[PDB]
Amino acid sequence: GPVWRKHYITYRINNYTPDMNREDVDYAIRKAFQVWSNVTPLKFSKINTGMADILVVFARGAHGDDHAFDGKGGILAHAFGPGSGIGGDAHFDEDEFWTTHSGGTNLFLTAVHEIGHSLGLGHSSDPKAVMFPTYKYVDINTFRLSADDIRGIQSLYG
C-alpha cells in the first residue's frame, strides 16, 4: 500500500464544523497529527492556502467523492490513503455532533484513526488499537496508541 515518500507533510482545514469552537477544532486536529509524529520520522504543518497533502473536510451526505455519508450515526468519517489529489484527505460526517469530550463523537479520537488512514494504515482486528474500525470513547487526556498501532505505523515509516 502507498506511503508518503517525504518527511514534511502538510495539512489544511478546508472548513470548520459549527459543532465546536474553531480553536478546539484546530487543537484536536493538531494533537491527532502529533500522536503519529510521536512514533515516526514525520513532521506535520498546517497551511492556510493552497494544496495540502492532507485536506481535512467536514461534509454531509453526498459530497463529491463516490462515498456518501449516511446522516447521524453509522459512518463517522473516512480517509484516503497517500497519493496525489484526494489522496490523504480526511472527511468527517457533519451529521455527527463533534466534541472535545465524551459527548457526541470526539473529534480528536476519530481524527487519530482517520489520519492513520491518511498515512497508509488499514484497520486492525485488535479492539485495543485506535485503528480498530469501531468507535468507542476513551479518555482523550490519557489516550495511547496500542502496540498494534505502533507496529503498524513503524512497518510503514521509520
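Under this definition, the rigid core comprises the largest set of C-alpha atoms superposing within 1.5 Å between the forms. The numbering used is simple: start at 1 and walk along the sequence shown.
Comparing 18-26 with 136-144 by root mean square Cα distance to the shown form in 6 other deposited structures of this protein, with the rigid core used for the fit, gives 136-144 as the more displaced stretch. Per the PDB record, of the two stretches 121-129 and 44-52, 44-52 carries the greater mean B-factor over its C-alpha atoms. When 130-138 is weighed against 13-21, 130-138 comes out higher, by mean CA B-factor as recorded in the entry.
The entry assigns its greatest Cα B factor, within the set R30, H101, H63, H113, to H101. When the CA B factors of the chain's modelled residues are split into thirds, the value for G88 lands in the middle one.
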